[PDB]
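Structure file target_32.txt; described as compact mmCIF, C-alpha atoms.
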```txt
# COMPACT_ATOMS: atom_id res chain seq x y z
CA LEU A 1 50.08 3.43 -118.96
CA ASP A 2 50.26 3.41 -115.17
CA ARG A 3 46.48 3.16 -114.88
CA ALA A 4 46.10 0.24 -117.30
CA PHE A 5 48.78 -1.89 -115.58
CA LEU A 6 48.21 -1.25 -111.85
CA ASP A 7 45.07 -3.20 -110.93
CA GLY A 8 45.89 -3.81 -107.26
CA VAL A 9 47.15 -2.20 -104.09
CA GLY A 10 48.77 -3.70 -101.00
CA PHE A 11 47.00 -1.96 -98.12
CA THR A 12 46.60 -3.48 -94.68
CA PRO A 13 42.96 -3.31 -93.51
CA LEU A 14 42.11 -0.20 -91.52
CA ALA A 15 40.71 -2.01 -88.47
CA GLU A 16 44.14 -3.50 -87.75
CA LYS A 17 45.78 -0.07 -87.68
CA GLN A 18 42.91 1.18 -85.53
CA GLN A 19 43.61 -1.57 -82.99
CA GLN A 20 47.34 -0.82 -83.11
CA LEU A 21 46.77 2.88 -82.46
CA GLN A 22 44.32 2.21 -79.64
CA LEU A 23 46.90 -0.03 -77.96
CA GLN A 24 49.65 2.56 -78.42
CA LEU A 25 47.49 5.34 -76.95
CA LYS A 26 48.35 6.44 -73.40
CA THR A 27 44.79 7.52 -72.62
CA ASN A 28 41.98 5.82 -70.76
CA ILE A 29 39.40 4.05 -72.90
CA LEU A 30 36.37 5.94 -71.59
CA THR A 31 37.94 9.40 -71.78
CA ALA A 32 37.92 11.23 -75.10
CA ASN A 33 41.03 11.74 -77.24
CA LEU A 34 40.46 13.26 -80.65
CA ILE A 35 43.19 11.27 -82.44
CA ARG A 36 41.35 7.99 -81.90
CA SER A 37 38.04 9.68 -82.78
CA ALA A 38 39.37 11.15 -86.03
CA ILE A 39 40.74 8.03 -87.73
CA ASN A 40 37.55 6.13 -86.88
CA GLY A 41 35.72 8.02 -89.62
CA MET A 42 38.17 7.06 -92.36
CA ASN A 43 37.50 5.02 -95.50
CA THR A 44 39.95 3.39 -97.91
CA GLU A 45 37.74 2.78 -100.94
CA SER A 46 39.72 5.13 -103.21
CA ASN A 47 43.26 3.92 -102.47
CA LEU A 48 43.82 2.77 -106.06
CA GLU A 49 43.41 6.21 -107.65
CA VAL A 50 45.73 7.84 -105.13
CA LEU C 1 8.88 45.15 -89.54
CA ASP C 2 11.69 42.90 -88.33
CA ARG C 3 9.33 40.56 -86.50
CA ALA C 4 7.10 40.31 -89.58
CA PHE C 5 9.88 39.77 -92.14
CA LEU C 6 11.95 37.22 -90.16
CA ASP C 7 10.29 33.81 -90.35
CA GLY C 8 13.14 31.43 -89.54
CA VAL C 9 16.46 31.25 -87.75
CA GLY C 10 19.58 29.36 -88.79
CA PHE C 11 20.47 27.53 -85.58
CA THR C 12 22.46 24.31 -85.32
CA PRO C 13 20.81 21.57 -83.24
CA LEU C 14 21.79 21.37 -79.59
CA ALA C 15 22.60 17.65 -79.75
CA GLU C 16 25.50 18.27 -82.12
CA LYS C 17 26.91 20.95 -79.80
CA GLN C 18 26.62 18.57 -76.85
CA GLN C 19 28.47 15.87 -78.80
CA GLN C 20 31.25 18.27 -79.81
CA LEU C 21 31.66 19.41 -76.21
CA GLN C 22 31.75 15.80 -75.03
CA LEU C 23 34.54 15.07 -77.51
CA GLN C 24 36.48 18.24 -76.66
CA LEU C 25 36.56 17.82 -72.87
CA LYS C 26 39.80 16.24 -71.66
CA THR C 27 38.38 14.85 -68.39
CA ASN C 28 36.64 11.55 -67.74
CA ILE C 29 32.94 10.94 -68.29
CA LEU C 30 32.53 9.43 -64.82
CA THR C 31 33.57 12.60 -63.01
CA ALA C 32 31.13 15.50 -62.80
CA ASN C 33 31.96 18.82 -64.45
CA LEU C 34 29.52 21.69 -64.07
CA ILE C 35 30.19 23.07 -67.55
CA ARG C 36 28.91 19.92 -69.25
CA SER C 37 26.04 19.34 -66.81
CA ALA C 38 24.69 22.87 -67.19
CA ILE C 39 24.79 22.73 -70.99
CA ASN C 40 23.02 19.36 -70.89
CA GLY C 41 20.13 21.19 -69.21
CA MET C 42 19.25 23.63 -71.99
CA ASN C 43 16.84 24.10 -74.88
CA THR C 44 16.59 26.37 -77.92
CA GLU C 45 12.82 26.75 -78.13
CA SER C 46 12.76 30.56 -78.23
CA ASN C 47 15.64 31.43 -80.56
CA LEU C 48 13.38 33.43 -82.89
CA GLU C 49 12.41 36.14 -80.41
CA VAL C 50 16.00 36.60 -79.23
CA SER O 1 34.26 -17.80 -99.96
CA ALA O 2 33.97 -16.33 -96.46
CA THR O 3 36.57 -18.41 -94.57
CA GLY O 4 39.92 -18.71 -96.31
CA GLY O 5 41.60 -22.09 -96.15
CA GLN O 6 45.14 -22.90 -97.28
CA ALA O 7 46.95 -26.21 -97.43
CA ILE O 8 50.44 -27.62 -97.88
CA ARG O 9 51.13 -28.70 -101.45
CA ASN O 10 53.64 -31.56 -101.46
CA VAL O 11 55.59 -31.33 -98.20
CA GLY O 12 52.78 -33.44 -96.75
CA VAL D 1 3.77 -26.88 -79.16
CA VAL D 2 0.89 -28.25 -81.25
CA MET D 3 -0.55 -24.76 -81.64
CA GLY D 4 2.80 -23.59 -83.00
CA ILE D 5 2.53 -25.85 -86.05
CA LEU D 6 -1.21 -25.21 -86.28
CA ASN D 7 -0.58 -21.47 -86.51
CA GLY D 8 2.13 -19.62 -88.41
CA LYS D 9 4.33 -19.65 -85.31
CA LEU D 10 7.77 -21.28 -85.32
CA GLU D 11 9.64 -21.56 -88.64
CA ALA D 12 11.41 -18.29 -87.76
CA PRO D 13 15.21 -17.98 -87.95
CA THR D 14 17.21 -18.36 -84.76
CA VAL D 15 19.13 -15.58 -83.01
CA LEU D 16 22.54 -17.29 -82.80
CA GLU D 17 23.27 -17.01 -86.53
CA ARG D 18 22.61 -13.24 -86.50
CA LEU D 19 25.99 -12.60 -84.88
CA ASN D 20 28.87 -13.02 -87.33
CA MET D 21 31.78 -15.12 -86.04
CA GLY D 22 34.44 -16.74 -88.19
CA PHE D 23 38.11 -17.05 -89.04
CA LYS D 24 40.35 -16.28 -92.00
CA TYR D 25 43.56 -17.79 -93.41
CA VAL D 26 43.31 -21.34 -92.07
CA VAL D 27 46.10 -23.88 -92.68
CA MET D 28 45.05 -27.51 -93.05
CA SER D 29 47.05 -30.77 -93.33
CA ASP D 30 46.51 -34.57 -93.25
CA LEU D 31 45.81 -36.51 -89.97
CA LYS D 32 48.50 -38.98 -88.64
CA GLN D 33 46.84 -42.24 -89.98
CA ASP D 34 48.11 -44.63 -87.18
CA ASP D 35 45.68 -46.64 -84.94
CA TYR D 36 47.37 -47.32 -81.56
CA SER D 37 44.89 -46.11 -78.94
CA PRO D 38 44.19 -47.31 -75.40
CA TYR D 39 40.46 -47.36 -76.27
CA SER D 40 40.46 -50.34 -78.61
CA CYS D 41 36.67 -50.80 -78.52
CA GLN D 42 35.87 -47.57 -80.38
CA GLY D 43 35.83 -46.99 -84.12
CA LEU D 44 38.92 -46.80 -86.28
CA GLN D 45 38.63 -43.09 -87.07
CA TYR D 46 38.32 -42.03 -83.42
CA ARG D 47 41.52 -43.93 -82.65
CA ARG D 48 43.27 -42.06 -85.47
CA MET D 49 42.22 -38.72 -83.97
CA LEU D 50 43.45 -39.69 -80.50
CA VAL D 51 47.00 -40.62 -81.51
CA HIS D 52 47.50 -37.40 -83.48
CA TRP D 53 46.78 -35.08 -80.54
CA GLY D 54 47.36 -37.44 -77.60
CA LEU D 55 45.38 -38.04 -74.44
CA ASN D 56 43.53 -35.17 -72.82
CA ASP D 57 44.75 -34.09 -69.40
CA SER D 58 43.72 -32.01 -66.38
CA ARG D 59 40.01 -32.08 -67.43
CA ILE D 60 39.76 -28.33 -66.70
CA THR D 61 41.61 -26.49 -69.45
CA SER D 62 39.24 -28.15 -71.90
CA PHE D 63 36.26 -25.84 -71.45
CA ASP D 64 33.27 -28.17 -70.92
CA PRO D 65 31.22 -25.29 -69.45
CA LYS D 66 29.12 -27.80 -67.49
CA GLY D 67 31.97 -28.36 -65.04
CA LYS D 68 34.26 -25.37 -65.51
CA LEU D 69 32.01 -22.97 -63.61
CA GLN D 70 31.33 -25.67 -61.01
CA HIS D 71 35.08 -25.96 -60.41
CA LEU D 72 35.36 -22.17 -60.23
CA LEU D 73 32.48 -22.08 -57.73
CA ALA D 74 34.15 -24.77 -55.60
CA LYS D 75 37.47 -22.91 -55.59
CA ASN T 1 42.45 -28.03 -74.34
CA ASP T 2 43.49 -24.38 -74.22
CA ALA T 3 47.14 -25.44 -73.90
CA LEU T 4 47.41 -26.17 -77.62
CA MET T 5 44.28 -24.24 -78.66
CA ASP T 6 46.18 -21.09 -77.73
CA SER T 7 49.01 -22.14 -80.05
CA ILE T 8 46.61 -22.79 -82.94
CA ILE T 9 45.30 -19.22 -82.82
CA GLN T 10 47.87 -16.88 -84.33
CA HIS T 11 49.04 -14.14 -81.98
CA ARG T 12 47.13 -10.87 -82.30
CA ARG T 13 48.81 -7.46 -82.31
CA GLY T 14 45.99 -5.41 -80.77
CA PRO T 15 44.58 -5.16 -77.26
CA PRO T 16 43.62 -8.23 -75.22
CA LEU T 17 40.16 -9.31 -76.34
CA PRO T 18 37.31 -9.42 -73.80
CA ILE T 19 36.16 -12.76 -72.42
CA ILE T 20 32.55 -12.56 -73.64
CA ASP T 21 33.69 -13.42 -77.18
CA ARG T 22 37.03 -15.19 -76.72
CA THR T 23 35.29 -18.14 -75.07
CA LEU T 24 32.88 -18.13 -78.03
CA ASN T 25 35.33 -18.00 -80.93
CA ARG T 26 37.70 -20.49 -79.32
CA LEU T 27 34.75 -22.83 -78.73
CA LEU T 28 33.90 -22.50 -82.42
CA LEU T 29 37.52 -23.30 -83.26
CA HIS T 30 37.36 -26.36 -80.99
CA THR T 31 34.23 -27.64 -82.73
CA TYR T 32 35.83 -27.04 -86.12
CA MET T 33 38.94 -28.95 -85.02
CA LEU T 34 36.83 -31.94 -83.88
CA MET T 35 34.86 -32.21 -87.23
CA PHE T 36 37.56 -31.82 -89.93
CA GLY T 37 39.59 -34.50 -88.12
CA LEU T 38 36.74 -37.04 -88.49
CA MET T 39 36.97 -36.16 -92.22
CA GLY T 40 40.77 -36.59 -91.99
CA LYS T 41 42.47 -33.16 -91.91
CA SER T 42 43.95 -31.01 -89.05
CA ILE T 43 44.30 -27.24 -88.58
CA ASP T 44 47.59 -25.86 -87.28
CA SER T 45 47.19 -22.11 -87.90
CA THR T 46 44.28 -19.69 -87.72
CA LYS T 47 43.91 -15.91 -87.90
CA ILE T 48 41.24 -14.13 -85.87
CA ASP T 49 39.76 -12.16 -88.81
CA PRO T 50 40.34 -8.88 -86.95
CA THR T 51 37.92 -6.92 -89.14
CA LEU T 52 35.40 -8.80 -86.99
CA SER T 53 37.51 -8.50 -83.84
CA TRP T 54 37.20 -4.68 -83.84
CA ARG T 55 33.37 -4.86 -83.78
CA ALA T 56 33.81 -7.25 -80.81
CA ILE T 57 36.17 -4.80 -79.02
CA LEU T 58 33.67 -1.96 -79.78
CA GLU T 59 30.92 -3.83 -77.83
CA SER T 60 32.58 -3.52 -74.37
CA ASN T 61 33.54 0.11 -75.23
CA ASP T 62 29.82 1.12 -75.12
CA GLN T 63 28.87 -1.78 -72.74
CA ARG T 64 31.19 -0.90 -69.81
CA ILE T 65 29.77 2.62 -70.41
CA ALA T 66 26.21 1.41 -69.81
CA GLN T 67 27.32 -0.37 -66.63
CA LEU T 68 29.03 2.73 -65.22
CA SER T 69 26.51 5.33 -66.42
CA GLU T 70 23.61 3.79 -64.51
CA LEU T 71 25.82 4.05 -61.42
CA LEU T 72 26.45 7.73 -62.17
CA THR T 73 22.76 8.46 -61.54
CA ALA T 74 21.21 7.50 -58.19
CA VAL T 75 18.06 6.10 -59.77
CA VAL R 1 16.95 -49.01 -102.09
CA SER R 2 16.19 -49.17 -98.38
CA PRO R 3 18.74 -47.28 -96.23
CA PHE R 4 18.29 -49.68 -93.28
CA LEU R 5 21.11 -51.97 -94.54
CA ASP R 6 24.51 -52.85 -92.96
CA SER R 7 26.04 -52.11 -96.41
CA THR R 8 25.03 -48.44 -95.80
CA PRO R 9 26.93 -47.24 -92.66
CA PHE R 10 26.54 -43.64 -91.37
CA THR R 11 30.35 -43.73 -91.54
CA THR R 12 30.81 -42.83 -95.22
CA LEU R 13 32.61 -39.56 -94.50
CA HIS R 14 36.03 -40.56 -93.14
CA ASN R 15 37.83 -41.48 -96.37
CA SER R 16 36.31 -38.39 -98.03
CA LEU R 17 38.77 -35.55 -97.39
CA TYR R 18 41.81 -37.75 -96.70
CA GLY R 19 43.66 -37.45 -99.99
CA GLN R 20 42.29 -34.72 -102.23
CA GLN R 21 42.87 -30.98 -101.94
CA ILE R 22 40.60 -28.70 -99.93
CA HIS R 23 39.75 -25.04 -100.59
CA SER R 24 38.22 -22.22 -98.56
CA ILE R 25 35.99 -23.82 -95.94
CA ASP R 26 32.53 -22.94 -97.20
CA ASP R 27 31.58 -25.59 -99.78
CA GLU R 28 32.64 -28.92 -98.27
CA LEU R 29 30.45 -28.11 -95.27
CA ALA R 30 27.60 -27.36 -97.66
CA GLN R 31 28.28 -30.68 -99.39
CA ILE R 32 28.10 -32.52 -96.06
CA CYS R 33 24.87 -30.73 -95.17
CA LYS R 34 23.37 -31.62 -98.55
CA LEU R 35 24.37 -35.27 -98.20
CA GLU R 36 22.87 -35.44 -94.71
CA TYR R 37 19.73 -33.78 -96.07
CA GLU R 38 19.45 -36.54 -98.68
CA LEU R 39 20.01 -39.22 -96.03
CA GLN R 40 17.32 -37.71 -93.80
CA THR R 41 14.92 -37.69 -96.75
CA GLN R 42 15.31 -41.39 -97.53
CA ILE R 43 15.12 -42.09 -93.79
CA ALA R 44 11.79 -40.30 -93.43
CA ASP R 45 10.48 -41.93 -96.62
CA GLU R 46 10.28 -45.30 -94.86
CA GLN R 47 9.81 -43.92 -91.35
CA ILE R 48 6.40 -42.61 -92.43
CA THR R 49 5.47 -46.00 -93.91
CA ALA R 50 6.53 -47.80 -90.73
CA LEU R 51 4.43 -45.39 -88.67
CA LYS R 52 1.46 -45.99 -90.96
CA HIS R 53 1.75 -49.76 -90.58
CA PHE R 54 2.11 -49.49 -86.80
CA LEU R 55 -0.93 -47.24 -86.47
CA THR R 56 -2.98 -49.44 -88.81
CA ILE R 57 -2.23 -52.45 -86.61
CA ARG R 58 -2.80 -50.52 -83.38
CA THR R 59 -6.22 -49.14 -84.37
CA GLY R 60 -8.81 -49.44 -87.12
CA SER R 61 -7.16 -50.58 -90.34
CA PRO R 62 -8.24 -47.67 -92.63
CA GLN R 63 -5.55 -44.98 -92.42
CA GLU R 64 -4.73 -42.26 -94.94
CA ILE R 65 -1.97 -39.65 -95.05
CA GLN R 66 -2.26 -36.00 -96.05
CA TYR R 67 0.50 -33.40 -96.34
CA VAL R 68 -0.36 -30.44 -94.13
CA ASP R 69 2.33 -27.92 -95.10
CA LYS R 70 1.83 -24.17 -94.64
CA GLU R 71 -0.26 -23.82 -97.81
CA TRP R 72 -2.91 -26.04 -96.16
CA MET R 73 -2.94 -23.98 -92.91
CA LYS R 74 -5.16 -21.59 -94.96
CA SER R 75 -7.79 -24.40 -94.72
CA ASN R 76 -10.59 -24.44 -92.06
CA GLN R 77 -9.16 -23.92 -88.56
CA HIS R 78 -10.11 -22.82 -85.04
CA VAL R 79 -8.87 -19.63 -83.32
CA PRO R 80 -9.35 -18.87 -79.61
CA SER R 81 -7.39 -15.59 -80.12
CA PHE R 82 -7.98 -14.80 -76.40
CA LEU R 83 -7.04 -18.26 -75.11
CA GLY R 84 -4.37 -18.21 -77.84
CA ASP R 85 -1.15 -18.04 -75.85
CA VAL R 86 -2.01 -21.13 -73.74
CA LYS R 87 -0.63 -20.60 -70.18
CA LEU R 88 -1.39 -21.35 -66.48
CA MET R 89 -2.17 -18.22 -64.36
CA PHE R 90 -2.24 -18.67 -60.49
```

Hey, can you dump this file as structure tokens for me?
Amino acid sequence: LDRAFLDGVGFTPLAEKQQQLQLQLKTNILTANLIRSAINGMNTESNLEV
Amino acid sequence: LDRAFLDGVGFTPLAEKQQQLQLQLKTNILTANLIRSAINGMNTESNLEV
Amino acid sequence: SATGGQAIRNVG
Amino acid sequence: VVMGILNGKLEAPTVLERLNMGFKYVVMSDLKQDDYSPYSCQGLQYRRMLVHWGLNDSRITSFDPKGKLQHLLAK
Amino acid sequence: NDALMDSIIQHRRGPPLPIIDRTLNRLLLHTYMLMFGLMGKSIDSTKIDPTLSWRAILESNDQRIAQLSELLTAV
Amino acid sequence: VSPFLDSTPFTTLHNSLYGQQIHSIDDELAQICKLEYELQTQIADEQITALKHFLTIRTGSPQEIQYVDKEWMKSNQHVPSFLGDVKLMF
């Protein structure tokens, strides 16, 4: 019943959150911080099932 | 017997190790660190004999 | 299709 | 230039359109529709555009890259 | 000019965009503003389509790197 | 049917989008491009004839036209492959 009636999902696009996080980071752009390099390889194609 | 029955070696490519080290180091990429520079100058041609 | 465009309905 | 049309040269796509630039979620409304403009010799529609936004000023903030870099070079 | 053209573009949340592409997308917005008006409508709001803005902020990321890396070696 | 008439002004686009409703900006621009394509076609239709008359007057009267689109480029041609990229050296 949930599956047949929930055909959408209100997720903000990932690039926007990526920009937000990069701005909030206290690290230099050229240096490496793993937090910004871990969410870069994230995909949101299966948000509906979750 | 060992040198006749061992045809291959399961080694990960050096480029991946260099990339992981580049990500892991907490210093800038402009500054020079002798750990990264030395590893950049390496090859794995003779892994089989070792 | 590629560039979304909205408009005011009747406040115009 | 003649040899270009003689041969298979030209007819290739440009390079500008390869890069993807655009906007999303644009709001659009009617123009003012009044005709009082100081330039009475021009067409009716151009006068309608001028009154809605007003006269341009300072001739620098408007990009016009022909003169913007010249002004920067002078300064 | 950029006085009102800044107001047309909706404020962005992320980092300040580089100048190699801001002067391009705002020029595109200026051209779009000049054409629709001849047709009779005006734009008062516009989002940057930031799914394209991130690709644009990625450019400098690897571009500044090319500029500084060639300095790093005394070639 | 001739476009070169005062009745046909290149200004038939102002009262277009004034009143009706507009949607996502991808199809009205295509409509404008298509309309300008049509206008250019009827412009060239008589531009070619005017050129033919002018050339006939300017030179020997017999003149004939032939469409030389890419399918014709297959026809007899000349190739100086070496002297291909025409340039001035020194």

Identify all chain A residues at most 8 Å from chain C by counting only C-alpha atoms; ligands do not count. Present them as a ChimeraX atom specification. /A:30-34

Between atom CA of residue 17 of chain A and atom CA of residue 13 of chain T - distance in Å to one decimal: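 Separation between atom CA of residue 13 of chain T and atom CA of residue 17 of chain A: 9.6 Å.
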
Chain D near chain T within 6 Å: what's each residue's closest atom pair and its distance in Å to one decimal, counting all atoms listed in the file, ordered by chain then ascending residue number, as JSON lines?
```
{"residue": "D:23", "atom": "CA", "partner": "T:49", "partner_atom": "CA", "distance": 5.2}
{"residue": "D:24", "atom": "CA", "partner": "T:49", "partner_atom": "CA", "distance": 5.2}
{"residue": "D:25", "atom": "CA", "partner": "T:47", "partner_atom": "CA", "distance": 5.8}
{"residue": "D:26", "atom": "CA", "partner": "T:46", "partner_atom": "CA", "distance": 4.8}
{"residue": "D:27", "atom": "CA", "partner": "T:45", "partner_atom": "CA", "distance": 5.2}
{"residue": "D:28", "atom": "CA", "partner": "T:43", "partner_atom": "CA", "distance": 4.5}
{"residue": "D:29", "atom": "CA", "partner": "T:42", "partner_atom": "CA", "distance": 5.3}
{"residue": "D:30", "atom": "CA", "partner": "T:41", "partner_atom": "CA", "distance": 4.5}
{"residue": "D:31", "atom": "CA", "partner": "T:41", "partner_atom": "CA", "distance": 5.1}
{"residue": "D:61", "atom": "CA", "partner": "T:1", "partner_atom": "CA", "distance": 5.2}
{"residue": "D:62", "atom": "CA", "partner": "T:1", "partner_atom": "CA", "distance": 4.0}
```

Give me, please, the distance in Å between atom CA of residue 13 of chain C and atom CA of residue 48 of chain C, quoted to one decimal. 14.0 Å

Suppose you want the space between atom CA of residue 36 of chain D and atom CA of residue 51 of chain D; what is it in Å?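 Pair atom CA of residue 36 of chain D / atom CA of residue 51 of chain D returns 6.7 Å.
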
Distance-based interface of chain O with chain D, 6 Å, counting only C-alpha atoms, as a ChimeraX atom specification: /O:3-7

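Every protein, DNA or RNA residue with an atom at most 10 Å from residue 60 of chain T, where all atoms listed in the file count and chain neighbours fewer than 5 positions away do not, is listed here: residues 17, 18, 20, 55, 65, 66 and 67 of chain T.
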
Selection export as a PDB file, in the frame of the given file, atoms kept: C-alpha atoms:
```
ATOM      1  CA  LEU T  17      40.160  -9.310 -76.340  1.00  0.00           C
ATOM      2  CA  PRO T  18      37.310  -9.420 -73.800  1.00  0.00           C
ATOM      3  CA  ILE T  20      32.550 -12.560 -73.640  1.00  0.00           C
ATOM      4  CA  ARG T  55      33.370  -4.860 -83.780  1.00  0.00           C
ATOM      5  CA  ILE T  65      29.770   2.620 -70.410  1.00  0.00           C
ATOM      6  CA  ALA T  66      26.210   1.410 -69.810  1.00  0.00           C
ATOM      7  CA  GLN T  67      27.320  -0.370 -66.630  1.00  0.00           C
TER       8      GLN T  67
END
```

Excluding residue 4 of chain R and its own-chain neighbours fewer than 3 positions away, which residues fall within 10 Å of it when counting only C-alpha atoms? Please give them as a PyMOL selection string. chain R and resi 1+7-9+42-43+46

As number ranges by chain, please: the residues near residue 33 of chain D (cut-off 10 Å, only C-alpha atoms, same-chain neighbours under 5 positions excluded). D: 44-45, 47-49, 51-52; T: 40; R: 18

How would you write as an NGL selection string the residues that get within 12 Å of (15.1, 27.5, -79.2) in the file's frame, counting all atoms listed in the file? :C and (8-14 or 42-50)

Let me have the centre and edge lengths in Å, one decimal, of the box along x, y and z around every listed atom of segment 25-42 of chain A with 8 Å of margin on each side, as JSON.
```
{"center_x": 42.0, "center_y": 8.7, "center_z": -81.6, "size_x": 28.6, "size_y": 25.2, "size_z": 37.6}
```

Rebuild N, CA, C and O atoms on segment 8-20 of chain A, as a PDB file, in the coordinates of the input?
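Result file is out_13.pdb:
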```pdb
ATOM      1  N   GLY A   8      45.946  -3.392-108.647  1.00  0.00           N
ATOM      2  CA  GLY A   8      45.890  -3.810-107.260  1.00  0.00           C
ATOM      3  C   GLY A   8      46.634  -2.840-106.375  1.00  0.00           C
ATOM      4  O   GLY A   8      47.323  -1.933-106.846  1.00  0.00           O
ATOM      5  N   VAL A   9      46.483  -3.044-105.070  1.00  0.00           N
ATOM      6  CA  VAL A   9      47.150  -2.200-104.090  1.00  0.00           C
ATOM      7  C   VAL A   9      47.283  -2.954-102.773  1.00  0.00           C
ATOM      8  O   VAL A   9      46.320  -3.551-102.284  1.00  0.00           O
ATOM      9  N   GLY A  10      48.483  -2.941-102.203  1.00  0.00           N
ATOM     10  CA  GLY A  10      48.770  -3.700-101.000  1.00  0.00           C
ATOM     11  C   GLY A  10      48.566  -2.938 -99.706  1.00  0.00           C
ATOM     12  O   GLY A  10      49.537  -2.563 -99.046  1.00  0.00           O
ATOM     13  N   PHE A  11      47.316  -2.702 -99.328  1.00  0.00           N
ATOM     14  CA  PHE A  11      47.000  -1.960 -98.120  1.00  0.00           C
ATOM     15  C   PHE A  11      46.530  -2.903 -97.021  1.00  0.00           C
ATOM     16  O   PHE A  11      45.697  -3.780 -97.258  1.00  0.00           O
ATOM     17  N   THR A  12      47.080  -2.726 -95.826  1.00  0.00           N
ATOM     18  CA  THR A  12      46.600  -3.480 -94.680  1.00  0.00           C
ATOM     19  C   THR A  12      45.255  -2.928 -94.216  1.00  0.00           C
ATOM     20  O   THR A  12      45.064  -1.714 -94.194  1.00  0.00           O
ATOM     21  N   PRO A  13      44.313  -3.789 -93.836  1.00  0.00           N
ATOM     22  CA  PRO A  13      42.960  -3.310 -93.510  1.00  0.00           C
ATOM     23  C   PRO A  13      42.989  -2.304 -92.363  1.00  0.00           C
ATOM     24  O   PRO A  13      43.816  -2.381 -91.453  1.00  0.00           O
ATOM     25  N   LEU A  14      42.063  -1.344 -92.425  1.00  0.00           N
ATOM     26  CA  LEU A  14      42.110  -0.200 -91.520  1.00  0.00           C
ATOM     27  C   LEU A  14      41.854  -0.590 -90.074  1.00  0.00           C
ATOM     28  O   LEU A  14      42.389   0.047 -89.160  1.00  0.00           O
ATOM     29  N   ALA A  15      41.035  -1.618 -89.841  1.00  0.00           N
ATOM     30  CA  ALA A  15      40.710  -2.010 -88.470  1.00  0.00           C
ATOM     31  C   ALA A  15      41.965  -2.428 -87.710  1.00  0.00           C
ATOM     32  O   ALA A  15      42.080  -2.192 -86.501  1.00  0.00           O
ATOM     33  N   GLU A  16      42.918  -3.044 -88.407  1.00  0.00           N
ATOM     34  CA  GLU A  16      44.140  -3.500 -87.750  1.00  0.00           C
ATOM     35  C   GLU A  16      44.952  -2.308 -87.257  1.00  0.00           C
ATOM     36  O   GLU A  16      45.452  -2.311 -86.127  1.00  0.00           O
ATOM     37  N   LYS A  17      45.078  -1.276 -88.093  1.00  0.00           N
ATOM     38  CA  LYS A  17      45.780  -0.070 -87.680  1.00  0.00           C
ATOM     39  C   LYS A  17      45.032   0.644 -86.567  1.00  0.00           C
ATOM     40  O   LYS A  17      45.649   1.242 -85.679  1.00  0.00           O
ATOM     41  N   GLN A  18      43.700   0.599 -86.605  1.00  0.00           N
ATOM     42  CA  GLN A  18      42.910   1.180 -85.530  1.00  0.00           C
ATOM     43  C   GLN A  18      43.217   0.502 -84.199  1.00  0.00           C
ATOM     44  O   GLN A  18      43.426   1.170 -83.180  1.00  0.00           O
ATOM     45  N   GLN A  19      43.264  -0.832 -84.200  1.00  0.00           N
ATOM     46  CA  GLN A  19      43.610  -1.570 -82.990  1.00  0.00           C
ATOM     47  C   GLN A  19      45.023  -1.229 -82.525  1.00  0.00           C
ATOM     48  O   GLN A  19      45.264  -1.031 -81.326  1.00  0.00           O
ATOM     49  N   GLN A  20      45.968  -1.164 -83.464  1.00  0.00           N
ATOM     50  CA  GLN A  20      47.340  -0.820 -83.110  1.00  0.00           C
ATOM     51  C   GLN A  20      47.397   0.543 -82.427  1.00  0.00           C
ATOM     52  O   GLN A  20      48.019   0.699 -81.368  1.00  0.00           O
TER      53      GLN A  20
END
```
